[PDB]
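Trainee: Pasting a structure here, questions to come.
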Protein chains: 2
Amino acid sequence: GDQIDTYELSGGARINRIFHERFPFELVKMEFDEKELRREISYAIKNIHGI
Amino acid sequence: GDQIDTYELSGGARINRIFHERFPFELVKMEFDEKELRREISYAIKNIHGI
């Protein structure tokens, strides 16, 4: 349409697109324990080879 | 299988492998009496030649 609000954001049309460009942060707020990963990998390797 | 215990050793699968890589010490914990060997060798040589 030709009725455009030039003061605010249009609402869902651009708020939902901001959510879609915000979601990449929720995928990044998570920690990694380097030492626990290395210990678990070492034990996993030794156990997988078995005997 | 895909079920790997990453905290402990898997048990027999790797404990038996530690026994198999431990056994080389039981083959090494034994003494040699250099002087008794040399005396015995000397007598063995003299006795083997007989007369």
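Order determines the names: the first chain of the structure tokens is A, the second B, and so forth; residues in each chain are numbered 1 upward, and ligands are numbered 1 upward as they are shown.
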Output as a Markdown table one row per residue of chain B within 10 Å of chain A: the closest atom pair and its distance in Å to one decimal place, counting only C-alpha atoms, sorted by chain and residue number ascending.
Mentor:
| residue | atom | partner | partner_atom | distance |
| --- | --- | --- | --- | --- |
| B:1 | CA | A:48 | CA | 8.5 |
| B:2 | CA | A:48 | CA | 8.8 |
| B:3 | CA | A:48 | CA | 9.3 |
| B:4 | CA | A:44 | CA | 6.2 |
| B:5 | CA | A:44 | CA | 6.7 |
| B:6 | CA | A:40 | CA | 4.9 |
| B:7 | CA | A:40 | CA | 6.5 |
| B:8 | CA | A:43 | CA | 7.0 |
| B:9 | CA | A:47 | CA | 6.2 |
| B:10 | CA | A:47 | CA | 5.2 |
| B:11 | CA | A:47 | CA | 8.4 |
| B:12 | CA | A:51 | CA | 7.5 |
| B:13 | CA | A:50 | CA | 4.3 |
| B:14 | CA | A:51 | CA | 5.3 |
| B:15 | CA | A:51 | CA | 8.0 |
| B:16 | CA | A:51 | CA | 6.6 |
| B:17 | CA | A:51 | CA | 5.3 |
| B:18 | CA | A:51 | CA | 8.9 |
| B:20 | CA | A:51 | CA | 9.3 |
Trainee: DSSP on the backbone, then: every residue of chain B marked alpha helix (DSSP H), written as JSON, numbers by chain.
Mentor: {"B": [12, 13, 14, 15, 16, 17, 18, 19, 20, 21, 22, 23, 24, 25, 26, 34, 35, 36, 37, 38, 39, 40, 41, 42, 43, 44, 45, 46, 47, 48]}
Trainee: Go ahead and dump the residues you just picked, N, CA and C atoms, as a PDB file, in the first residue's frame.
Mentor:
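Wrote it out as part_0.pdb, contents follow:
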ATOM      1  N   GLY B  12      36.637 -53.348  31.661  1.00  0.00           N
ATOM      2  CA  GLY B  12      37.522 -54.380  31.151  1.00  0.00           C
ATOM      3  C   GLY B  12      38.174 -53.992  29.840  1.00  0.00           C
ATOM      4  N   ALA B  13      37.431 -53.300  28.977  1.00  0.00           N
ATOM      5  CA  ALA B  13      37.944 -52.967  27.653  1.00  0.00           C
ATOM      6  C   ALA B  13      39.292 -52.263  27.736  1.00  0.00           C
ATOM      7  N   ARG B  14      39.485 -51.397  28.731  1.00  0.00           N
ATOM      8  CA  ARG B  14      40.725 -50.645  28.840  1.00  0.00           C
ATOM      9  C   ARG B  14      41.518 -51.011  30.082  1.00  0.00           C
ATOM     10  N   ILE B  15      40.893 -51.674  31.050  1.00  0.00           N
ATOM     11  CA  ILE B  15      41.629 -52.155  32.208  1.00  0.00           C
ATOM     12  C   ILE B  15      42.468 -53.351  31.781  1.00  0.00           C
ATOM     13  N   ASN B  16      41.893 -54.222  30.947  1.00  0.00           N
ATOM     14  CA  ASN B  16      42.645 -55.358  30.442  1.00  0.00           C
ATOM     15  C   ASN B  16      43.773 -54.873  29.541  1.00  0.00           C
ATOM     16  N   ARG B  17      43.553 -53.785  28.794  1.00  0.00           N
ATOM     17  CA  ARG B  17      44.647 -53.217  28.016  1.00  0.00           C
ATOM     18  C   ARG B  17      45.730 -52.615  28.894  1.00  0.00           C
ATOM     19  N   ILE B  18      45.370 -52.146  30.084  1.00  0.00           N
ATOM     20  CA  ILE B  18      46.406 -51.676  30.991  1.00  0.00           C
ATOM     21  C   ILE B  18      47.157 -52.860  31.571  1.00  0.00           C
ATOM     22  N   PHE B  19      46.460 -53.962  31.831  1.00  0.00           N
ATOM     23  CA  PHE B  19      47.163 -55.169  32.253  1.00  0.00           C
ATOM     24  C   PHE B  19      48.125 -55.654  31.173  1.00  0.00           C
ATOM     25  N   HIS B  20      47.686 -55.637  29.909  1.00  0.00           N
ATOM     26  CA  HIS B  20      48.554 -56.056  28.808  1.00  0.00           C
ATOM     27  C   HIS B  20      49.743 -55.121  28.603  1.00  0.00           C
ATOM     28  N   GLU B  21      49.621 -53.847  28.976  1.00  0.00           N
ATOM     29  CA  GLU B  21      50.749 -52.921  28.899  1.00  0.00           C
ATOM     30  C   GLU B  21      51.472 -52.749  30.233  1.00  0.00           C
ATOM     31  N   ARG B  22      51.010 -53.432  31.276  1.00  0.00           N
ATOM     32  CA  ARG B  22      51.663 -53.572  32.570  1.00  0.00           C
ATOM     33  C   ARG B  22      52.548 -54.804  32.635  1.00  0.00           C
ATOM     34  N   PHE B  23      52.105 -55.884  32.004  1.00  0.00           N
ATOM     35  CA  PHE B  23      52.858 -57.132  32.019  1.00  0.00           C
ATOM     36  C   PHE B  23      54.336 -56.952  31.689  1.00  0.00           C
ATOM     37  N   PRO B  24      54.746 -56.044  30.795  1.00  0.00           N
ATOM     38  CA  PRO B  24      56.186 -55.834  30.574  1.00  0.00           C
ATOM     39  C   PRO B  24      56.987 -55.457  31.817  1.00  0.00           C
ATOM     40  N   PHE B  25      56.357 -55.049  32.922  1.00  0.00           N
ATOM     41  CA  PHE B  25      57.128 -54.830  34.145  1.00  0.00           C
ATOM     42  C   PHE B  25      57.350 -56.121  34.919  1.00  0.00           C
ATOM     43  N   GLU B  26      56.348 -56.996  34.974  1.00  0.00           N
ATOM     44  CA  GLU B  26      56.542 -58.264  35.665  1.00  0.00           C
ATOM     45  C   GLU B  26      57.662 -59.073  35.024  1.00  0.00           C
ATOM     46  N   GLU B  34      75.541 -61.381  38.959  1.00  0.00           N
ATOM     47  CA  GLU B  34      76.625 -61.394  37.980  1.00  0.00           C
ATOM     48  C   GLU B  34      77.739 -62.361  38.377  1.00  0.00           C
ATOM     49  N   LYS B  35      78.083 -62.403  39.667  1.00  0.00           N
ATOM     50  CA  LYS B  35      79.210 -63.226  40.096  1.00  0.00           C
ATOM     51  C   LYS B  35      78.866 -64.708  40.054  1.00  0.00           C
ATOM     52  N   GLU B  36      77.649 -65.071  40.460  1.00  0.00           N
ATOM     53  CA  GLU B  36      77.264 -66.474  40.391  1.00  0.00           C
ATOM     54  C   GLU B  36      77.201 -66.941  38.945  1.00  0.00           C
ATOM     55  N   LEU B  37      76.737 -66.074  38.042  1.00  0.00           N
ATOM     56  CA  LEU B  37      76.718 -66.438  36.632  1.00  0.00           C
ATOM     57  C   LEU B  37      78.125 -66.646  36.096  1.00  0.00           C
ATOM     58  N   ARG B  38      79.062 -65.766  36.457  1.00  0.00           N
ATOM     59  CA  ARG B  38      80.421 -65.933  35.950  1.00  0.00           C
ATOM     60  C   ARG B  38      81.083 -67.195  36.501  1.00  0.00           C
ATOM     61  N   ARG B  39      80.903 -67.480  37.794  1.00  0.00           N
ATOM     62  CA  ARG B  39      81.459 -68.712  38.351  1.00  0.00           C
ATOM     63  C   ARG B  39      80.855 -69.937  37.676  1.00  0.00           C
ATOM     64  N   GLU B  40      79.531 -69.937  37.504  1.00  0.00           N
ATOM     65  CA  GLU B  40      78.867 -71.081  36.900  1.00  0.00           C
ATOM     66  C   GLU B  40      79.311 -71.269  35.458  1.00  0.00           C
ATOM     67  N   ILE B  41      79.495 -70.172  34.720  1.00  0.00           N
ATOM     68  CA  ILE B  41      79.977 -70.276  33.345  1.00  0.00           C
ATOM     69  C   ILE B  41      81.380 -70.871  33.313  1.00  0.00           C
ATOM     70  N   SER B  42      82.259 -70.422  34.213  1.00  0.00           N
ATOM     71  CA  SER B  42      83.613 -70.968  34.245  1.00  0.00           C
ATOM     72  C   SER B  42      83.595 -72.475  34.491  1.00  0.00           C
ATOM     73  N   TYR B  43      82.829 -72.914  35.492  1.00  0.00           N
ATOM     74  CA  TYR B  43      82.752 -74.349  35.750  1.00  0.00           C
ATOM     75  C   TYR B  43      82.078 -75.090  34.605  1.00  0.00           C
ATOM     76  N   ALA B  44      81.061 -74.490  33.987  1.00  0.00           N
ATOM     77  CA  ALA B  44      80.396 -75.144  32.868  1.00  0.00           C
ATOM     78  C   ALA B  44      81.368 -75.373  31.723  1.00  0.00           C
ATOM     79  N   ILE B  45      82.194 -74.371  31.416  1.00  0.00           N
ATOM     80  CA  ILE B  45      83.162 -74.525  30.333  1.00  0.00           C
ATOM     81  C   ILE B  45      84.160 -75.621  30.673  1.00  0.00           C
ATOM     82  N   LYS B  46      84.714 -75.592  31.889  1.00  0.00           N
ATOM     83  CA  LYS B  46      85.717 -76.601  32.227  1.00  0.00           C
ATOM     84  C   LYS B  46      85.125 -78.008  32.253  1.00  0.00           C
ATOM     85  N   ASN B  47      83.881 -78.155  32.713  1.00  0.00           N
ATOM     86  CA  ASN B  47      83.276 -79.483  32.776  1.00  0.00           C
ATOM     87  C   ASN B  47      82.873 -79.990  31.396  1.00  0.00           C
ATOM     88  N   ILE B  48      82.397 -79.100  30.523  1.00  0.00           N
ATOM     89  CA  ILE B  48      81.970 -79.518  29.191  1.00  0.00           C
ATOM     90  C   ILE B  48      83.133 -80.121  28.412  1.00  0.00           C
TER      91      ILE B  48
END
